[PDB]
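Each chain, written out:
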Amino acid sequence: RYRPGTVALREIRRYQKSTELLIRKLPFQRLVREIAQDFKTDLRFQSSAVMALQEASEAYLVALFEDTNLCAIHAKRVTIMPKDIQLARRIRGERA
Amino acid sequence: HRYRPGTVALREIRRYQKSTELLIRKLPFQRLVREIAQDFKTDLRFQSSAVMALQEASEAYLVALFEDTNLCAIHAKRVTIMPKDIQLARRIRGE
Amino acid sequence: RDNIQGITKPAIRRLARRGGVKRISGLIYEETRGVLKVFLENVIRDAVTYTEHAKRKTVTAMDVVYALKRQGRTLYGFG
Amino acid sequence: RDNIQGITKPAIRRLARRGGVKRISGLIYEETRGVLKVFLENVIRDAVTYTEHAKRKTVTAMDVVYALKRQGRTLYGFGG
Amino acid sequence: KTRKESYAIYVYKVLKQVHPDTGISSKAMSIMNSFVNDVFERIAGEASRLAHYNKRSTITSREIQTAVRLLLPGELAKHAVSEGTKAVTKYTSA
Amino acid sequence: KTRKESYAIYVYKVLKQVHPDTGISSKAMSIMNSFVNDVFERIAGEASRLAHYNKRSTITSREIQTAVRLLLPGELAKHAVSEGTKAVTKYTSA
Amino acid sequence: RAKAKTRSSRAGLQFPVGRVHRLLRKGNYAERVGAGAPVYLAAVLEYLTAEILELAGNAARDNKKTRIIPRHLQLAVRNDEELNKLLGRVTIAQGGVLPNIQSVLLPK
Amino acid sequence: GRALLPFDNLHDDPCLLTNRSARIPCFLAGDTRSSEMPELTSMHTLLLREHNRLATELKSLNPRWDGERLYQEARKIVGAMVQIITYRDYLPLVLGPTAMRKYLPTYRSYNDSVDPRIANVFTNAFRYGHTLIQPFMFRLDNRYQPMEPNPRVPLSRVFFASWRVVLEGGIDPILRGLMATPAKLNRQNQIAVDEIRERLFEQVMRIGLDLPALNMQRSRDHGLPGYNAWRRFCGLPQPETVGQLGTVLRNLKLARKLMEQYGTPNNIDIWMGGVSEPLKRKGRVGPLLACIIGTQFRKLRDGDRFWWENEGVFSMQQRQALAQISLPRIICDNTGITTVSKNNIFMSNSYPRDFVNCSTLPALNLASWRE
Amino acid sequence: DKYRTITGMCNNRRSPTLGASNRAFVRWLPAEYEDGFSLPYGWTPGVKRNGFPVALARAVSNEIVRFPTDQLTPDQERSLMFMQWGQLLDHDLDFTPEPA
DNA sequence: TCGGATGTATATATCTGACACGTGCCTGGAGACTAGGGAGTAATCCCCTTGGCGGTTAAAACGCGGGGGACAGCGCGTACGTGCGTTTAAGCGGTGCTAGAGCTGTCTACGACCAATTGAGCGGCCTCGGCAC
DNA sequence: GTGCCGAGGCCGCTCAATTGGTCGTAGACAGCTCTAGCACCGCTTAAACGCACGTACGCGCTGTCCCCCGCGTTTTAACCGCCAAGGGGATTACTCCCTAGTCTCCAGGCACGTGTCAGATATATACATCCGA
Ligand code: HEM
Ligand SMILES: *[C@@H]1O[C@H](CO)[C@@H](O)[C@H](O)[C@H]1NC(C)=O
């Protein structure tokens, strides 16, 4: 058995070295179609459009999680909490 | 008679959020602007409107930064703002 | 259709691990899903507006690229 | 000329008070002075570049407004 | 002296239409002029980009409408769009 | 089956100048082409704004030089300026 | 020759359609400018100006003043969510800040 | 060959008393006041015809459904159409863009913590329409020209007169007159016409009635507060003296008359204060009436679970099909009319400046209703 | 819950009677009466409201609302469509029954 | 838990400076007319997007155990807010000088605009090895 | 170790760059004005600058407990490979409104000058609030 925090560090090292997408493609495409259904009906999506949306979303989420980690470390903690995400979004000017 | 600590601070907070004047003296800021610009060009003249615009922009930027710093300090279950809060706010903002 | 749940907990965990996060609380998955939904809604609305102006029924990659660029999120590699 | 000390401690305290800060540490003032100096250096460098391109010798308000717009801090009130 | 065009009289006319018994200072007038110029520049630039994207070389009311919908947020945009139509149709009637 | 101009051959020529024994993939080519287009658009737009500010109808070498100085950060900008100047000088010689 | 009447009067506006058309033509925006674009732009600008001026006048009346100052404009802009979003990255001179204090700092 | 409203049987008919020779009792509908003038009867008949045509089309599209399902579906579509037309065309022209944006923001979802009941003050604050009544009724022929006999009819002779719609060419001339006649602009010195003020129900009643006086009397009977209380309720400043009242109303003579009548702004009736305030920009009501009406309609929209924009109520394709509906399209698709006004029918009142041949406008696509 | 009820009841789960028919109105402000309970102002002669005599409604409409008909100004942006749809919507919304 | 001290919003003069008009004029917007290239409709063409099926298996779910951060409580000691007295240049005026920003006039040379020419680059076609298994 | 699909090198055109005049306007000079930026001095005096107290807050030091991580098993749907239709992006041509370009006139909107009335500034007052007993 491995003590907690070792497998997490191994995963951090592994996922920071690879470039592959971390979200399954079909569920993300389904979510994108569901969201776009509101603005217009009977819409067609190119594969490149869905790929670009996925890449942009993943990059945005990774940057947000980096800022959230900084916020959590500031409060003398290791565990990410929703208040850290809210503070990062408020400071960046998204929810302000 | 003596007010307990934090009362005059709140009174000043309420007073300075109702006014619209400039909180930095004009002559020291003008001298600082001229000294800073001296490093780029020699014998440079400044319009009064340019110095006023610089002062307004600097004051607005500092007020926004202090608001973000206060938010950061409150997040850490504290009341006193510290340079770590300023650094964290600047890092998050992208500066 | 509740496809917003398609973004699973391991996927969010992987995204956080890529960002350097060591420990994750169990109450942040909903927040991440909401943030992702908001971002996708904004970008897709802009892309659909761009498509509608061009009198088309297909959302091309160029429309998404323009929508991302107009929000200060320029994306390289798709045109 | 050490004019960075012209931004006195009461002035920084007032600026913090306008921002809603109740208690201020003693080391805040130096960091605030450094941040202000960096911001002023950037804006003034851009304004001086704009002035030099025009073959002038006076930094007008239009140059400062254009520099602020370039940095993403559009200012209303001076020029257009 | 060289004349300086500005959105001074028009803002005052709009203010008199809205608030018949209220004046406006010089600094507020300058702020209003800067705001009008900024919004004009933003909308015109968005319309130009839209025209360039579709390989067209003419700015029409459709480009302005799409730029307004893209820039102005929420209900504002909708109202603005209506106003735009409410003008153009009238301009066609005369 | 239509012509689609791109900065593909020139990027390959520059790469062969820099790394004669290193290849480049298609995704990297697309990224490089997008980067070139973005930088060109940025510099041209800044030069156009500079020309409009000074009531000038012509984009010259001075406008491009000032735009490069304003946009590119740090010593990079300086180096770029040098290159451009040299090119212009050469183009004047022949 | 028929008596000249301005285009703004034809469209029932207060902003100048002709000046906007000239600015669009001389602004190096596109090779050609349609006849309906200036009317649309003038209508949008007039609507936005009327909205912000109405809000500022309401604030000034609530402040027992009969003249508009930049403080009133700042209050009108910041108190409206849509206008605040539109002018999120804009600094208004002599505007001040919106009065608020965090609930943590208030005494119990 | 087009359907009309069914007749009604009552113990006493104050509506047959207008014409003893015709012997034509007026109609029955969802409201007992549907025969005040031929215009209201024409509107109710048009709505009934639209419901019948929609039911016929739905039955033709889907024959498996029973009659009850057909009736319920037609009723649902008619209600959604009425809500769409109202909240998309009428209220923006009443409140004005600023008031509409302030009191009616974008719809989000149904809220169960808001009150959908009608406030008591709304039964008076909504009487502003009493200031938009033209003194005469206009009927036009197929060419929008004055149709004979009686191209213009006094309003004192058209009250409770159903015989003027069954025996006078139907409802098409009435609709043409409604669609191609400017309304009455409300001015401070011109509040309401004398036809409704001195010759209201002259034939039916022994003596005429005073509509504004009835409005004030009903406001007093309901025990509604004064002008100042409602001004303070909406956040507007409260006048106290003659000068303050004149400043608020932007008029001195009318303020002097009000002061000489009541003596204090707190005693001013709600209706008079609402209709005496200067109109908003591109609006038809004062700030107080706009506040009350916007609040009431926002409460109605938020608290309605069957709102057409609410999820589950309609499908996305059904919502797209419904979003293209318009009043001129319905007025063309349910009667013999052949020329209607442009979009925003409430604004177009000049022929033929803004009238279309109504052969190019889209129809209501019901292809998404297949089971 | 599939279809609306004619009487309008049960629309709100917390209070089915909310928004139904034949129910009392909603008072956004407390009602005012001369006796304070149920007597509308003007019923009893000699009463003074807010320290002032109660003005007669008929006179108020007589010398203020009245105006010469020949000076009627038509609306250049509205039509009878406005008033007709307003009356129809009001007839949809509310109705106060009164004793015969 | 009622009374003293202080801070502050408010009502009443008082002078002032800047804002809303008034007037002159000049140049940029409107009225016409002509000419040509942008694009709005139609008519194909094929391509690439959606839908469906089947087998594999890799990732998502779920339950259990434990140990390690999160949060609460408790000294403590120190440093920052609050007055209070003592320097100190900031702001306000008035004055004087000249640096350079703006305007006028002329001229000249340089970029847009024509046309004929030809070759640079794009598309389609093979072809072999760098690399993901 | 191993094949294979992707990056790399070759032909055929054809649609832009290039060479070669023309010209008319944008910009680069020189002159001259006069506005405003710089500098200098004297006086208040409001601001800043030290100094001492002590009180509340930042900061370590236990304690526990519950929640998140790690692992094993059954379960689910992503994913790859393949087929068949057909909606609808891309091209083409063919004009036809629609808009650019030019005189000519005027009025709309600039600048310049003025007087009066919102508004900032004393001053006493009546609240509104805070720390204490
Ligand atoms: C056009 C001619 C109209 C006439 C002749 C008329 C007449 C009347 C009469 C006699 C009553 C009952 C007693 C009274 O309120 O005086 C009434 C009720 C009412 N009317 Fe009008 N009406 C007209 C139009 C309108 C319009 C256009 C509106 C609103 C847009 C309106 C709003 C109301 C309301 C809210 C009531 C309810 C009063 C109550 O229930 O006590 N009316 N109308
Ligand atoms: C419903 O309305 C209440 C009262 O205005 C409000 O507090 C609440 O947030 C609303 N709820 C939703 C879900 O909009």
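Thresholds applied
Position numbers follow the written sequence of each chain, starting from 1, instead of the entry's numbering, which may differ; residues with no coordinates are not represented. A letter from A marks each chain and a number from 1 marks each ligand, given out in the order of writing. Summary scope: the chains shown constitute part of a larger assembly, and all values are computed over the shown part. Calculated side-chain values reflect all of the structure's heavy atoms, with hydrogen atoms and water omitted. Here a residue is considered near a molecule or strand provided that any single heavy atom belonging to it is located within 4 Å of it. Two N or O atoms count as a polar contact when they lie within 3.5 Å, although within protein this holds only if one can serve as hydrogen donor and the other as acceptor, and sequence-adjacent residues are included solely when both atoms are side-chain atoms. Here a helix means four or more residues in a row that DSSP labels H or I, a strand means two or more in a row labelled E, and each is numbered from the N terminus. Note that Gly is not counted as nonpolar here; it falls among the polar residues with everything else outside the nonpolar set of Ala, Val, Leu, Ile, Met, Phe, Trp, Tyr, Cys and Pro and the charged set of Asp, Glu, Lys and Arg. UniProt positions are given in the numbering used here, feature names are shortened, and annotations may be inferred rather than shown by experiment. The rule is simple: take the accessible area with a 1.4 Å probe, protein chains only, and divide by the maximum for that residue type; under 20% is buried, over 50% is exposed, in between is partly exposed. Contacts between residues were defined by any pair of non-hydrogen atoms, one from each residue, lying within 4.5 Å. Throughout, the Shrake-Rupley method with a 1.4 Å probe supplies accessible areas, and for residues the shown protein chains are the sole cover considered. Once two parts are joined, some of their accessible surface, as seen by a 1.4 Å probe, is lost; buried area is that loss totalled over both. We define a salt bridge as a side-chain nitrogen of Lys or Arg found within 4 Å of a carboxyl oxygen belonging to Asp or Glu. Stacked, tilted and edge-to-face are the three classes applied to pairs of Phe, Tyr and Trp rings, where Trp contributes its six-membered ring and a pair requires centres within 6.5 Å; stacked means planes under 30 degrees apart, edge-to-face means over 60, and tilted covers the rest.

So, on to the protein's contact with DNA strand K. DNA strand K sits among 65 residues. The nearest are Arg1 and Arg30 of chain A, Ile24 of chain C, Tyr10 of chain E together with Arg19 of chain G. Considering DNA strand K, the proportion of its atoms within 4 Å of the protein that are sugar or phosphate atoms stands at 94%. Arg30 of chain A places a side-chain nitrogen or oxygen 2.7 Å from a phosphate oxygen of DNA strand K. In this structure, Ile24 of chain F approaches DNA strand K through a main-chain N or O atom, which is 3.3 Å from a phosphate oxygen. Mapped by element, the contributors of at least two residues to the surface near DNA strand K are helix 1 (6–15) and helix 2 (25–39) of chain A, strand 1 (45–46) of chain B, helix 1 (9–18) and strand 1 (23–24) of chain C, helix 1 (9–18) of chain D, helix 1 (9–18) of chain E together with strand 1 (32–33) of chain G. The element that contributes the greatest number of residues to the surface near DNA strand K is helix 2 of chain A, accounting for 4 residues. Tallied by class, the residues present in the surface near DNA strand K amount to 18 nonpolar, 20 polar and 27 charged.

This part is about the UniProt feature "active site" in chain I. In the numbering used here, UniProt assigns the "active site" feature to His91 of chain I. By secondary structure assignment, the location of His91 of chain I is in helix 2 (residues 80–93). Accessibility expressed as a relative area gives 11% for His91 of chain I, which makes it buried. Ignoring anything within four residues of it in the chain, the contact list for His91 of chain I reads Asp31, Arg33 and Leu40 of chain H.

Glancing now at the site of ligand 2. Residues and elements named next belong to chain H. Looking at ligand 2, the residues that line it are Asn111, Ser113 and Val114. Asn111 places a side-chain nitrogen or oxygen 2.3 Å from an oxygen atom of ligand 2. Across the complex, the protein chains shield 28% of the 360 Å² of accessible surface that ligand 2 would expose by itself.

What follows deals with the interface of chain H and chain I. The interface of chain H with chain I comprises 99 residues on the first partner and 67 residues on the second. Carbon and sulfur atoms supply 60% of the area that chain H and chain I bury against each other, a total of about 8,200 Å² over both sides. Linking chain H to chain I there are 6 salt bridges. A salt bridge links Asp210 of chain H to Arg58 of chain I; its shortest N-O distance comes to 2.4 Å.

A few words now on the environment of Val81 of chain F. Tracing the backbone through its elements, the reader meets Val81 of chain F in helix 4 (residues 75–93). Between the C-alpha atom of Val81 of chain F and that of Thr92 of chain F, which follows or precedes it by 11 residues, the distance is 17 Å.

The next point concerns the packing of aromatic side chains. Residue and element names in this part refer to chain H. Taken as a whole and judged by the stated rule, the model has 31 aromatic pairs over all chains. Look at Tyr87 and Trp307: their rings are 4.9 Å apart centre to centre, the planes differ by 75 degrees, and that puts the pair in the edge-to-face class. In this pair, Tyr87 is assigned in helix 2 (residues 67–95) and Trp307 in the loop between helix 13 (287–302) and helix 14 (316–322), connecting sequence segments 220 residues apart. Classification of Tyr87 as buried rests on a relative accessible area of 16%. Ring centres 5.8 Å apart and planes at 75 degrees place the aromatic pair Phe122 and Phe297 in the edge-to-face group. With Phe122 in helix 4 (residues 122–125) and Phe297 in helix 13, the pair connects residues that are 175 residues apart, well separated along the chain. The pair formed by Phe122 and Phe297 is uniform in burial state, with each residue classed as buried.

Quick look at the site of ligand 1 now. Near ligand 1, the surroundings consist of 20 residues, among which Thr123, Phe126, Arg127 and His130 of chain H together with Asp90 of chain I are the closest. Near ligand 1, the surrounding residues are drawn from chains H and I. At a separation of 2.4 Å, an oxygen atom of ligand 1 approaches a polar side-chain atom of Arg127 of chain H. With respect to ligand 1, the side chain of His130 of chain H contributes an N or O atom lying 2.7 Å from a nitrogen atom. Where the shell around ligand 1 is concerned, the elements lending two or more residues are helix 8 (211–221) of chain H together with helix 2 of chain I. Split by residue class, the shell around ligand 1 holds 9 nonpolar, 7 polar and 4 charged.

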